[PDB]
There are 4 protein chains.
Amino acid sequence: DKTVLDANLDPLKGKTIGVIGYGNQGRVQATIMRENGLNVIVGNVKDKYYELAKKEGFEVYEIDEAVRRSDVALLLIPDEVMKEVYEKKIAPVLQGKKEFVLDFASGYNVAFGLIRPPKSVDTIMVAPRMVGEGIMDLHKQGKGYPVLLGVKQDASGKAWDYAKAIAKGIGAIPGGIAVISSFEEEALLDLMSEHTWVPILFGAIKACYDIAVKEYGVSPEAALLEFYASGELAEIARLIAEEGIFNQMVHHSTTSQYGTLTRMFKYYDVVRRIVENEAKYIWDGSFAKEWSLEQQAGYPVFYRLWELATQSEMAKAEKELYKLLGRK
Amino acid sequence: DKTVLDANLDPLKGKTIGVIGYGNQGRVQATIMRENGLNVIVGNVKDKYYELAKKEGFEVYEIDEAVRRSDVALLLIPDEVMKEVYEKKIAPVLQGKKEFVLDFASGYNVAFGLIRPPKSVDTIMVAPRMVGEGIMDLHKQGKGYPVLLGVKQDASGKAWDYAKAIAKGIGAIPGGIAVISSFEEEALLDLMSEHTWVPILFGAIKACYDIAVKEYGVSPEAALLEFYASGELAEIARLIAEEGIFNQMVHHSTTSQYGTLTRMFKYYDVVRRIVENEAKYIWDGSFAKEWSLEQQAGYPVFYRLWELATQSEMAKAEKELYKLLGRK
Amino acid sequence: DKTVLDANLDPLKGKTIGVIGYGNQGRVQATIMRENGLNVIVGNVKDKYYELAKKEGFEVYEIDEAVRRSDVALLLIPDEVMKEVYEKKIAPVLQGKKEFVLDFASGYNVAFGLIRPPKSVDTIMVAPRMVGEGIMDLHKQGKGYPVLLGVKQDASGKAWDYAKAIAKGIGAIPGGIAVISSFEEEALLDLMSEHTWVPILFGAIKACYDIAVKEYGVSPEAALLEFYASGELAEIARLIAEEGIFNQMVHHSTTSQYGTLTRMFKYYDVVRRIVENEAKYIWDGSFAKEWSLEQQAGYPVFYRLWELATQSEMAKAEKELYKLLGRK
Amino acid sequence: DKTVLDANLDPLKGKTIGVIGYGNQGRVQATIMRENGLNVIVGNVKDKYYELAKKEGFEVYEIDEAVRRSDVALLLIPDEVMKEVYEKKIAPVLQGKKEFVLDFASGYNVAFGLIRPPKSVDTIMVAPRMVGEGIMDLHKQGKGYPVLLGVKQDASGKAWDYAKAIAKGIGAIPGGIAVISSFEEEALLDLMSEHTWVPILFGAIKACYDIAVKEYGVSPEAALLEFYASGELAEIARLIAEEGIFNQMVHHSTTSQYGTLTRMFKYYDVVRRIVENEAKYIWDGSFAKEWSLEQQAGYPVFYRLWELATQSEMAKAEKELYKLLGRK
Ligand SMILES: [Mg+2]
Ligand SMILES: [Mg+2]
Ligand SMILES: [Mg+2]
Ligand SMILES: [Mg+2]
Ligand SMILES: [Mg+2]
Ligand SMILES: [Mg+2]
Ligand SMILES: [Mg+2]
Ligand SMILES: [Mg+2]
């Protein structure tokens, strides 16, 4: 298949590497690749993480300086502030380079053209599929984990080799796997989850609550217990991740299976239409525009919605309850 | 009629003139009006065009300085960057003036209020209808060419005279003609072409290709030949510009005439509705907003569409083909 | 690929060839194939072209006689009168044959069954994609040009060889290319152009004119200049034929690109529906019926539409104008 | 106004005139213009009318011969057979002419292009608005009558003079009037009457009958009396032609006026839509096509409808009744 399981590590031996940011990801990847025998540095502004990283045994310079000393760099910072950082501090230093390599963990700012590096550069991508708290929990066991790979600009005919070398340097393989893809096929996915089934799920739950209360005389303290205040859902998520989504259902009662299957095959076209609409909205680049503009205006909608959600009835009831069960 | 064929040239004799930009238009108008005996200068930042213009015999200062020495100025630069240039460098110098004149080749930035000069100023407009490469090709023959005229702000009761004098100074007349109009009636037109029949044409061609291939088993190498890979279309354009749009069709076969006429009178209401929608969208000023905002966000949609078009199947086939016919 | 670049010429050496009609095509193909060393004759009724052809060095007999002396024939006459000519003069002579070959430049009258030659005959097709005025302009340079090939009836297992030999005899190759296709895949194309984007374009232009005049107070003398009275369109056609349809747009301004792309991807489904309708109307054979019947009635609709178009307002304004610019 | 009341008669004095057909119109116009002192002949095939016309004192030749001896001709025959007559017998003789004039009483065959005379000819039109039986009934009183005039082709700058001279020669003026119009504005009218209010009227009557019988238990012998078997309707027609359409209603009862006016202003949009549809169907030339084709097929629809109408129930009842009242 397209799949990769293990590969070489020679192209990075002798080269210096710079890691931007020391948040969750940066700390993790940096520590690991240090264990695998690589000269590593860090670039960050003087704050909490700066002290922490220099404490953990890392030589710390600030960003532009780190890019001067590096032949490779990992830009592990939020997708909301990477633009200014790149424009002010990196791009200059980068114009003054010969053979450089630039890695990202997300393809948002590139797939949509908010960042357009030169042609003197190898532009790549390495995207894990784990939060970071569990990634360490797995590295201790010699286990790997999955990632996605992508290449946007090859100026040296060696980009893929570099990407696989990186994947190995951070402990994703061997033990896990690595898939080859694009920047687009990753942004698309990271977004479609956040736009299709998460919000649909939440709205469905909220609607069930509202209905049961205002049309069948149910008590608030019970709806919550049935819907999400119990650990029903994490159970199901686990059995899904392990046994499979459908085979997970054998451990339930026949009645549940029947209702679930019927109503699933019954409401499939509706959500399909929805998903089409949203995926199309993304592929074109409209959502990026929307979001950037909202940033420029002052996040008013964000504010008002955060209010409306918490000032809803369900949330207040949840509050009273969690307090009652002792859950902080 | 409203029409003008030739006029005087006295108001500009004794005055100095400054031309902003030395691209296609600026170079042309400047050279010509120099031939017609006028003291002329140039304003531009130190780049390629700067060297070229000083080479061709023009005294070159940078912009604000040129506006100080000038009683008249031609703002011949793209409509996408004129705003900042006007705000930073011109408007100050202009506040410190007594009797000035400002000419544009496009009414976009003014019709929509992105540029609001003072009342101490005569604001005019001179818009040709030729690319510039052919304008010289015609000036050598003593031929004129058409233009549009407009006036937004008259502080001296002499604006129209100035406009006609300019039209004569650049060689549009006599030999061609000059129409009086507004800034609005020019922006509207320059846009409606770019929003109605050009994109409709392209979409129709693309649809014909896709259909013929995916439903009637046609080969890609043939659809292109019929639709646009042949010089069919430039032929028709020429006969239109010369003989007339309809009289052009006499040189075709009766079958073609019949089909064309029937389907034309048959699909006229649809496109009419479309054109209404778009013209209305413009008259109000919504498109300017849209475009300005996209500039402020980072041109994401522009990017994604440029990609989707070139990564289409038709374009790849066109590529293979053009390479085969030797066309670069 | 399916494509052909050059081939043999042996099957026609020793055979006599008859060319029907001496209009644009006939004259061209005849002259050329004569240059390539082939015994050639001509068949036509005694009129202007008759004198011209005998002047240019061709032995001229009238039609049935030419078919008697020929082992191969090219039926290069309009698709509107070929039927009677075939029925009265050719088919008899043809019943009295042994091994014959019949070539067409269009598949209309055959694809739809208005002409059904016997099985004693090899029925083929050779369709150029150039007007004829430029074909000579290219033959002088040793250049070729594209054509389409097709076969309807093979009684000798040598039809394709004959077709390629012909293509070579008229100077299409080498230098150009030749595509293999059907009679249907050529009629379909020659028509879909005349039914989809040409009339749509014209209607869109007309609608823009009408709107701009009757709802925004524009002058007629300006709308025309923007829309087609300028050579805007032939420019674009040229850049399309040479650089490519989309790459052509880089030489325009960003604003134009943006509007064009957006409105193109926005109005693609509509025209797609239209094109489906028309292509289907053709594939079935309904348009041929329509057109034949109109011929039988006396061309009343043709007449009335030719009137309505020229008695429109746009045409009268165009007339006044062209007269003013001196354009005949 | 556009209107004409009397005019000269000099252009026809000294010229010979030929009248084609001796039916209702031909007989009338011929007799009259003979009374007004004009050399007149007749052209017709040897049948009943031939004997009649030669009896009434007319020198009779057959058609082509009459056109040779004539400088002016009146083509007074049905619009269904004029085409062949023109093609076979007239057009030849006409090619061999110098200065000729051709008059019609209907613009059908010309407005739609079924007859296209040369440019060596003056093509005109004179259309009365009376059946012919009453025209004589009025000529005896020295009264005139209305007509329409039109010109399609002027080769002598004298067409209008000829038309008015004709109008005077047939006794339409003075006493009546003459309106200037086109061939189109006459065919359109002659048809729209036959397509809009006549058939609507008939269908409404038929529907009233059917309803009253099959839903309110009415007797057939009474519905007819109310609807049309009485002379109600000719009364109203007379008062319309004399007093005016609306002023006609004062002689009726208030109840009738009220109902009529209300329901008239209530059902005006519907019939307006209908009339638009039909007038458009005509202006384009589609009805002429329809009718010509039906002639070519054998009048099957005509046949079947003539049957269905007479085999209806209303017609049979009308038959029984008329027989009962003695009405033949
Ligand atoms: Mg995310
Ligand atoms: Mg995710
Ligand atoms: Mg433009
Ligand atoms: Mg334009
Ligand atoms: Mg054709
Ligand atoms: Mg074509
Ligand atoms: Mg009639
Ligand atoms: Mg009538």
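Parameters and conventions
- Residues numbered from 1 in each chain as written, not as in the entry; some residues may be left out.
- Chains lettered and ligands numbered in written order.
- Part of a larger assembly, values for the part shown.
- Heavy atoms only, no water.
- Contact = heavy atoms within 4.5 Å.
- UniProt positions renumbered as here; feature names shortened; annotations may be inferred.
- Helix = DSSP H or I, 4+ residues; strand = E, 2+ residues; numbered from the N terminus.
- Donors = N, O, S within 2.8 Å, 3.2 Å for Na, K, Ca; no water.
- Buried < 20%, exposed > 50% of the residue type's maximum accessible area, 1.4 Å probe, protein only.
- Pairing = 2+ DSSP bridges.
- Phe/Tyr/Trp six-rings, centres within 6.5 Å; stacked < 30°, edge-to-face > 60°.

For this deposition, the record names cryo-EM as the technique by which the model was determined and cites 2.43 Å as its resolution.

Right, let's talk about the arrangement of the chains for a bit. In this assembly five pairs of chains touch, with chains B and C having more contacts than any other pair. Structurally, chain A and chain D remain out of contact, their C-alpha atoms never closer than 40 Å.

Let us now look at the UniProt feature "binding site: Mg(2+) 2" (unreviewed entry) in chain A. UniProt's entry tags A:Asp190 with the feature "binding site: Mg(2+) 2" (unreviewed entry), counted in the numbering of this structure. Among the structural elements, A:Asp190 can be located in helix α8 (residues 184-195).

Residue and element names in this part refer to chain C. Surrounding the magnesium ion (ligand 5) are the protein donor atoms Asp190 (OD), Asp190 (OD) and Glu194 (OE), at 2.7 Å. Separating the magnesium ion (ligand 5) from the magnesium ion (ligand 6) is a gap of 5.5 Å. Remark: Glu194 and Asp190 occur in helix α8 (residues 184-195); sequence separation between them is four residues, near one turn of the helix. In this structure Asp190 comes out as partly exposed when scored by relative accessible area, which is 25%.

With that settled, the discussion passes to the coordination of the magnesium ion (ligand 3). Within the protein, B:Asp190 (OD), B:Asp190 (OD) and B:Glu194 (OE) serve as the donor atoms for the magnesium ion (ligand 3), at 2.7 Å. A separation of 5.5 Å is found between the magnesium ion (ligand 3) and the magnesium ion (ligand 4).

Quick look at the sheet that holds strand β8 (residues 178-180) of chain A now. Residue and element names in this part refer to chain A. Spatially, the eight strands line up as an open sheet ordered β3-β2-β1-β4-β5-β6-β7-β8, and their pairing is mixed. Of all strands in the sheet, those bounded by a partner on one side alone are β3 (60-61) and β8. Strand direction decides the pairing type here: strand β6 (residues 121-128) and strand β7 (residues 147-153), joined by six bridges, are antiparallel. From the neighbouring strand, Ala127 faces β7, where its bridge partner is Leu148.

With that out of the way, let us pick up the packing of aromatic side chains. For the structure shown, the criterion picks out 25 aromatic pairs over all chains. Here the aromatic rings of B:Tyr258 and C:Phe287 are separated by 6.3 Å at their centres, their planes lie at 35°, and the arrangement is tilted. Here C:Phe287 lies in helix α14 (residues 286-297) and B:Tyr258 lies in helix α12 (residues 254-266), a pairing that spans two chains. Judged by its relative accessible area of 3%, B:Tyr258 falls in the buried class.

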